[PDB]
Amino acid sequence: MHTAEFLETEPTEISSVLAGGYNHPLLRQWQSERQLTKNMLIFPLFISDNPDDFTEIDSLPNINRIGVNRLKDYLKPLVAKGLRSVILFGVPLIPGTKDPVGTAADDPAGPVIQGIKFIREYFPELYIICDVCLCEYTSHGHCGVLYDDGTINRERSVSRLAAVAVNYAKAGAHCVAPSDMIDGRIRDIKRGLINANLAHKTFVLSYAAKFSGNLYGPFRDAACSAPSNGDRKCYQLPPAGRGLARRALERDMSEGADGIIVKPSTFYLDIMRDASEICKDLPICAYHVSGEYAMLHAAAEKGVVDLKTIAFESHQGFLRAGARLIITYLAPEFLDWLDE
Amino acid sequence: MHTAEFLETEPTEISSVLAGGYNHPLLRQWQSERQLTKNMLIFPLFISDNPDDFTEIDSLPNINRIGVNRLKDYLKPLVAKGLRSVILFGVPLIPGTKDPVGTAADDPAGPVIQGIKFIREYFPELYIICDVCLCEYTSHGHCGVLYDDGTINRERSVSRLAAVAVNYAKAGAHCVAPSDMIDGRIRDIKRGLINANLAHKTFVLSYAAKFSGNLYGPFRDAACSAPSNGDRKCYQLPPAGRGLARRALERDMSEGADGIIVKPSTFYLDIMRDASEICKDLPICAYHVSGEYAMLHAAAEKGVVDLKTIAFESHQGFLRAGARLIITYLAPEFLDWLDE
Amino acid sequence: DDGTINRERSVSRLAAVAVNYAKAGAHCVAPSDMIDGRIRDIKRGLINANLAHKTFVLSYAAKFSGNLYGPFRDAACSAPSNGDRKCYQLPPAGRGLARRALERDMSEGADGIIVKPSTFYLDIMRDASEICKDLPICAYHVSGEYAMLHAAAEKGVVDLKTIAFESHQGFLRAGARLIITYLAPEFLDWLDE
Amino acid sequence: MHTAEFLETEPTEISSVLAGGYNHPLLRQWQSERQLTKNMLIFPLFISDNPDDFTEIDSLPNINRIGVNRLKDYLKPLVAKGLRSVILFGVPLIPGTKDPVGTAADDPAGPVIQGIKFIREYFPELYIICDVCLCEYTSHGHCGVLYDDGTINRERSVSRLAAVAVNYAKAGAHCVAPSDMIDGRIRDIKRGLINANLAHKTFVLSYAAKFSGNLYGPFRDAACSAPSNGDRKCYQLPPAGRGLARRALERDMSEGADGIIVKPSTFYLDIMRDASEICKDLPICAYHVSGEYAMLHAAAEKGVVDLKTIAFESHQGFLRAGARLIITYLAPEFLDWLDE
Ligand SMILES: *C(CO)CCC(=O)O
Ligand SMILES: *C(CO)CCC(=O)O
Ligand SMILES: *C(CO)CCC(=O)O
Ligand SMILES: *C(CO)CCC(=O)O
Ligand SMILES: [Zn+2]
Ligand SMILES: [Zn+2]
Ligand SMILES: [Zn+2]
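Rules behind the numbers
Residues numbered from 1 in each chain as written, not as in the entry; some residues may be left out. Chains lettered and ligands numbered in written order. Part of a larger assembly, values for the part shown. Heavy atoms only, no water. Axes fitted to C-alpha atoms, helices over the stretch in contact; angles between N-to-C directions. Helix = DSSP H or I, 4+ residues; strand = E, 2+ residues; numbered from the N terminus. Parallel < 35°, antiparallel > 145°, perpendicular 65-115°, else oblique. Left-handed = near helix turned anticlockwise from the far one by under 90°. Contact = heavy atoms within 4.5 Å. Nonpolar A, V, L, I, M, F, W, Y, C, P; charged D, E, K, R; others polar. UniProt positions renumbered as here; feature names shortened; annotations may be inferred. Buried < 20%, exposed > 50% of the residue type's maximum accessible area, 1.4 Å probe, protein only. Buried area = accessible area lost by both parts, 1.4 Å probe. Salt bridge = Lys/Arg side-chain N within 4 Å of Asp/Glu carboxyl O. Polar contact = N/O pair within 3.5 Å; in protein donor to acceptor, adjacent residues only side chain to side chain. Least-squares fit on C-alpha atoms. Donors = N, O, S within 2.8 Å, 3.2 Å for Na, K, Ca; no water. Near = heavy atom within 4 Å. Areas by Shrake-Rupley, 256 points an atom, 1.4 Å probe, with all protein chains shown as cover. Expected span 1.5 Å × (residues − 1).

- For this coordinate set, the PDB header names X-ray crystallography as the determination method and states a resolution of 1.9 Å.

Dropping the structure here:
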């Protein structure tokens with residue numbers, strides 16, 4: 001008859017015993033290199049050129065396109081809940097606004113600058129971060145000024161991007177986040193800020209590690225940034241490009257970045273780990289993109305996982321990988337959860 | 001009139017130029033530290049104690065519970081497609097089979113050992129990996145022998161696990177993968193193998209970094225391993241426990257592991273990166289758990305992402321993070337995709 | 001018989017005490033003896049008592065001899081009898097010894113370590129953060145440091161809440177992620193604002 | 001009856017035995033990476049524009065504001081005791097002396113330059129260090145030239161600071177210690193020195209790691225440097241800013257610093273440890289600020305600790321953390337103590 005067999009074991013080696021460090025709920029916290037707090041969250045904002053706007057984004061569950069006239073009633077509760085920072089994204093819908101050089105990018109009458117002025121007056125305690133790019137302002141939809149052939153023109157592009165970033169800062173933005181990925185843009189942006197005498201008050205949060213992938217979905221709807229002819233795989237790092245990512249991190253830091261952003265996040269946790277060593281002295285921010293965010297909601301709906309649970313697992317994964325800041329659409333939720 | 005502003009730029013710094021390394025499709029490959037190949041895939045197999053079995057797992061799309069009599073027709077096409085390895089999971093459904101010491105675990109008449117003998121004869125070229133645990137064979141459902149209170153009994157547990165692993169090897173398994181997570185089990189398993197004169201032919205692939213989370217869903221259905229009273233957070237590493245994970249990796253390696261497994265995968269990519277340094281001389285395997293696998297399918301169904309695309313992004317993320325082996329339910333698909 | 005500690009009997013006794021505390025229901029034991037090799041014996045005792053998997057071992061790996069243990073001598077009534085405690089307690093300048101003790105205790109089974117004093121030994125916390133990078137590090141704001149802040153605050157040399165925050169956040173900066181302090185009640189209030 | 005229990009112990013492991021290295025008083029010295037000597041001390045001097053001055057500073061016990069006419073009788077005993085270096089701080093009390101550009105900073109008739117000339121003639125063997133800043137010479141009280149809004153103007157500020165440092169060197173100072181903390185001031189000061197052909201005889205001791213805190217008390221009295229509107233938290237490193245401190249250390253070194261100062265000291269011992277690695281090839285100096293100094297006296301008075309004892313513990317803590325130089329108000333005392 002088959003009976004349970006027990007092998008002859010040796011005395012337990014102390015070096016084998018790790019269980020004593022995580023047998024209690026409190027220990028789970030002690031074991032964390034970093035704990036999740038409210039001031040670590042950065043809520044994205046999609047400002048429309050229509051003051052009374054407040055449309056719901058398709059691919060972006062619970063996220064809408066707001067106009068200045070609705071901001072106040074939208075931010076009030078969040079700020080009271082502990083929100084400390086926001087990242088502005090402009091969405092000009094007015095016809096004839098876009099062009100080949102993203103002129104509307106720093107339009108003082110545009111959504112971005114209008115939102116900055118609005119927030120600075122009604123919420124002088126909120127930290128204002130502005131994404132810096134021309135994708136949402138170009139006729140083509142790309143992140144920069146294209147040559148005649150279609151490929152980006154670094155020189156003119158960065159020249160333009162630097163102006164935009166400086167103008168946002170001039171408008172009152174505390175921080176600029178260039179999501180273009182164009183070679184050397186950080187240096188020119190830093191120089192522009194220095195020349196505008198704003199380098200000492202403007203934090204430069206560079207999207208140092210921005211990979212091309214299948215998770216930018218929803219954002220394409222909310223921001224309306226559909227590339228025109230060709231792939232964005234010209235500037236956006238290849239998913240397997242770890243070496244390039246490491247070099248971009250070092251480059252951006254050396255070019256003046258005060259902090260860096262890794263995007264996507266969950267699917268690029270190893271990259272956050274790399275940035276934590278290379279950019280050990282700088283704050284690292286994780287960007288939970290629309291695609292990852294929508295992916296969690298989808299799986300939760302199909303009962304594959306619990307939203308709050310998986311939301312916590314993923315976010316605390318960012319902190320584990322080395323991030324100390326998080327740009328997420330789940331901010332409103334966390335502002336509640338972190339209370340319990 | 002608001003007009004496009006262009007800042008005065010300096011000459012481009014060579015150190016800024018990285019674009020020259022990934023402007024072509026072929027370059028995307030050259031930029032990869034490791035390329036995805038067929039022999040890197042490990043398909044999981046859920047063997048039932050019913051020879052004619054072939055039930056579809058709920059929470060596990062396209063995955064079923066097979067009986068020995070259906071294996072052959074199921075493996076034939078996969079093997080012809082390039083499959084080189086499998087990881088066996090036993091699913092005894094016969095009543096009165098489970099007990100307090102997982103006696104049925106190494107039952108020569110059980111699904112696991114029956115599957116090994118079957119595969120070794122019909123597919124002598126397939127690499128046979130066997131998960132090693134007692135969760136699916138205990139009355140309680142836990143991964144080991146519990147004390148009277150309910151908490152695991154390391155001594156008896158590891159003593160039992162070592163016997164099971166050795167018996168699988170004796171049956172003919174090429175590799176054993178202890179997924180228990182009980183402190184010091186690797187040492188006892190290695191010693192048992194050495195004493196059984198099988199240490200030189202048995203690869204020990206330890207689940208060194210196994211985290212507790214919300215992604216083990218589907219498996220609970222396929223394997224029928226529902227914990228009885230309490231949480232598995234007693235042995236399974238806490239999601240934020242990076243320090244513990246690093247110590248477990250070092251421990252298992254020092255205890256005789258020939259390779260290590262990181263599970264989950266995607267949500268723990270930073271941990272794979274850590275293992276790649278600590279266990280730089282050992283092969284690292286990523287385990288795309290049921291929850292992650294189901295999460296991709298769910299998101300794909302909701303049109304949030306494309307299955308093939310995101311499947312490739314996630315898998316190539318494993319390789320980027322340092323893994324050179326992958327246990328995934330998407331193996332059948334990749335065996336097709338890798339052809340194009 | 002001479003007066004100097006007897007490691008063998010001492011550690012033998014300490015291990016029993018720690019195990020009994022655990023048997024009583026304590027989640028964690030913190031050996032503040034500083035006697036060579038006590039962590040190993042305590043871990044072994046716990047293993048033999050089948051409590052090693054539920055008992056966290058928080059060792060005072062870096063305990064220095066100094067002029068800041070004042071107040072505690074009153075509260076605990078632990079006045080040494082003949083001689084100095086400088087026999088086991090690390091010398092204030094002993095960085096090398098502190099580093100070796102940290103490594104030793106970790107290798108002996110410590111699940112976490114305590115650095116005491118704290119403020120006056122911030123560099124040691126920094127060392128422990130590298131050596132014991134995978135373990136939680138705890139700072140112990142001793143009675144002397146605690147009383148020193150109150151004294152200076154009373155003399156209007158500094159503001160209690162302010163300096164309390166500066167010192168504590170100094171512990172975190174130096175690498176600690178846990179803090180044993182008498183200012184806890186206060187922080188439980190302050191951290192609310 | 002409760003009786004003493006003794007567990008069964010194993011043979012002592014040699015690796016456990018460390019006691020053999022510090023069982024004797026002499027061993028306490030052998031165990032020190034660096035021993036405290038007289039030539040390691042740097043006594044601060046507050047020179048007033050009143051030659052017969054000699055007022056006692058409130059918040060600074062045993063420290064006074066001296067005029068040139070009292071220096072000689074004040075330094076004579078200290079120098080005979082072994083004093084080898086001093087750090088000069090100017091305290092112009094004459095009305096209409098301060099202005100928006102700290103003009104009086106390098107006034108040849110000012111206290112600082114007057115003190116240098118005095119010391120160079122009566123004590124040609126003393127090493128003269130001069131703090132470099134404009135806080136004590138500006139109408140506002142800040143460490144530099146402010147813009148119209150109130151925030152520092154780096155360009156003009158550093159431009160001014162470089163002139164001041166060079167003029168001190170021209171006057172005869174052996175070393176300059178810029179305590180401004182303004183970005184890039186070290187580079188301009190080094191360049192000015194090079195252009196003045198004094199770079200080979202002037203040691204640049206930068207306050208690389210100067211944190212904002214609650215320990216600058218007493219100095220505000222002795223130096224009379226009360227900020228006007230706003231916080232000094234604009235240039236002074238945030239108490240938790242380790243990353244910034246590490247970057248400032250590297251920056252200053254690369255900019256020409258021959259040595260660096262960490263201030264405060266005791267409360268920033270971990271920072272001294274960081275500097276010891278980053279600036280391993282440069283001498284590191286600890287600054288026992290007024291607040292820490294007064295804190296020891298206060299605690300000693302309340303019988304919380306013994307002055308001599310705690311003075312020794314704290315100072316030898318600086319050496320342990322990596323410093324090999326110490327700027328302290330307890331110098332006079334140590335010049336006595338180090339004799340026994
Ligand atoms: C990145 C654009 O800067 C954000 C994409 C998203 O989906 O959040
Ligand atoms: C882990 C059990 O050993 C596998 C879980 C899964 O869902 O694949
Ligand atoms: C250390 C005794 O274990 C504590 C001393 C104190 O004053 O807190
Ligand atoms: C720093 C000014 O440079 C000295 C402050 C003190 O209190 O010593
Ligand atoms: Zn863009
Ligand atoms: Zn199991
Ligand atoms: Zn100043």
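Okay, back to it.
## Focus on the packing of helix α8 (residues 269–278) of chain A against helix α8 (residues 269–278) of chain B
Here's step 1: One can describe the packing of α8 of chain A onto α8 of chain B by two numbers: an axis separation of 6 Å at closest approach and a directional angle of 55°. The angle between α8 of chain A and α8 of chain B falls in the class oblique. Note that α8 of chain A runs across α8 of chain B; the crossing there is right-handed. Between α8 of chain A, through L269, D270, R273 and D274 of chain A, and α8 of chain B, the contact on the second element is made entirely by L269, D270, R273 and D274 of chain B.
Here's step 2: Each residue belonging to the contact of α8 of chain A with α8 of chain B can be placed in one class, and the counts come to 2 nonpolar, no polar and 6 charged.

## Regarding the UniProt feature "binding site: Zn(2+)" in chain A
Residues and elements named next belong to chain A.
Here's step 1: The feature "binding site: Zn(2+)", as given by UniProt, occupies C133, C135 and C143 in the numbering adopted here.
Here's step 2: Along the chain, the position of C135 falls in the loop between β5 (127–132) and α4 (154–171).
Here's step 3: According to the relative accessible area criterion, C135 is buried, its value standing at 7%.
Here's step 4: Excluding its chain neighbours within four sequence positions, the residues that come into contact with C135 are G141, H142, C143, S225 and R232.
Here's step 5: Mapped onto the elements, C143 comes out in the loop between β5 and α4.
Here's step 6: Judged by relative accessible area, which is 1%, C143 ranks as buried.
Here's step 7: Not counting residues within four places of it along the chain, the set of residues in contact with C143 comprises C133, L134, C135, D180, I182, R232 and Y235.

## Some points on the interface of chain B and chain A
Quoted interface sizes are often the accessible area lost when the parts come together.
Here's step 1: Between chain B and chain A, the contact holds 89 residues from the first and 89 residues from the second.
Here's step 2: Approximately 7,800 Å² of surface area, both sides summed, lies buried where chain B meets chain A, with 57% of it carried by carbon and sulfur atoms.
Here's step 3: At the surface where chain B touches chain A, the tally comes to 8 salt bridges.
Here's step 4: Where chain B meets chain A, there are 44 residue pairs in polar contact.
Here's step 5: Every element with two or more residues in the side of chain B that touches chain A is listed here: α4 (154–171), α5 (185–195), α7 (242–254), α8, α9 (290–301) and α10 (307–320) of chain B.
Here's step 6: The leading source of residues in the side of chain B that touches chain A is α4 of chain B, at 10 residues.
Here's step 7: Across the side of chain B that touches chain A, the residue classes break down as 37 nonpolar, 23 polar and 29 charged.

## As for the relation of the copies chain A and chain D
Here's step 1: Each copy of the sequence occupies a distinct position, and chain A is placed on chain D by a rotation of 90° and an axial shift of 0.0 Å, giving an RMSD of 0.0 Å. In symmetry terms, the pair is related by a four-fold rotation axis. Closest approach to the rotation axis within chain A is made by the C-alpha atom of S254 of chain A, at a distance of 9.8 Å.

## A few points about the coordination of the zinc ion (ligand 7)
All names here are of chain D.
Here's step 1: Coordination of the zinc ion (ligand 7) by the protein comes from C133 (SG), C135 (SG) and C143 (SG), over a distance range of 2.3 Å.
Here's step 2: All donor residues of the zinc ion (ligand 7) come from one chain, and their arrangement in sequence is C-x1-C-x7-C. For the pair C135 and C143, one class covers both residues: buried.

## Quick look at the site of ligand 2
All names here are of chain B.
Here's step 1: Every residue close to ligand 2 is listed here: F89, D131, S179, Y207, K210, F219, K263, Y287, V289, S290 and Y329.
Here's step 2: Within the side chain of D131, a nitrogen or oxygen atom sits 3.5 Å from an oxygen atom of ligand 2.
Here's step 3: In the environment of ligand 2, an oxygen atom lies 3.5 Å from a nitrogen or oxygen atom belonging to the side chain of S179.
Here's step 4: A total of 280 Å² of accessible area belongs to ligand 2 in isolation, and the protein chains cover 96% of it.

## Notes on the interface of chain A and chain D
Here's step 1: Each partner contributes residues to the interface: chain A has 5 residues there, and chain D has 6 residues.
Here's step 2: For the pair chain A and chain D, the summed buried area comes to about 550 Å², and 40% of that belongs to carbon and sulfur atoms.
Here's step 3: Its largest share of buried area at the contact with chain D, chain A owes to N197, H200 and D281 of chain A, together 66% of the area lost on that side.
Here's step 4: Put simply, chain A and chain D have 1 salt bridge between them.
Here's step 5: In this structure, the connection of chain A to chain D is made through 2 residue pairs in polar contact.
Here's step 6: Across the side of chain A that touches chain D, the residue classes break down as 1 nonpolar, 2 polar and 2 charged.

## Concerning helix α3 (residues 111–122) of chain A
Residues and elements named next belong to chain A.
Here's step 1: An ideal rise of 1.5 Å per residue puts 16 Å on 12 residues; α3 measures up with 16 Å between its terminal C-alpha atoms.
Here's step 2: Among the residues of α3, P111, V112, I113, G115, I116, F118 and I119 are the ones counted as buried.
Here's step 3: Turning to α3, the residues buried within the fold contact β1 (41–48), α2 (68–80), β4 (85–91), β5 and α4.

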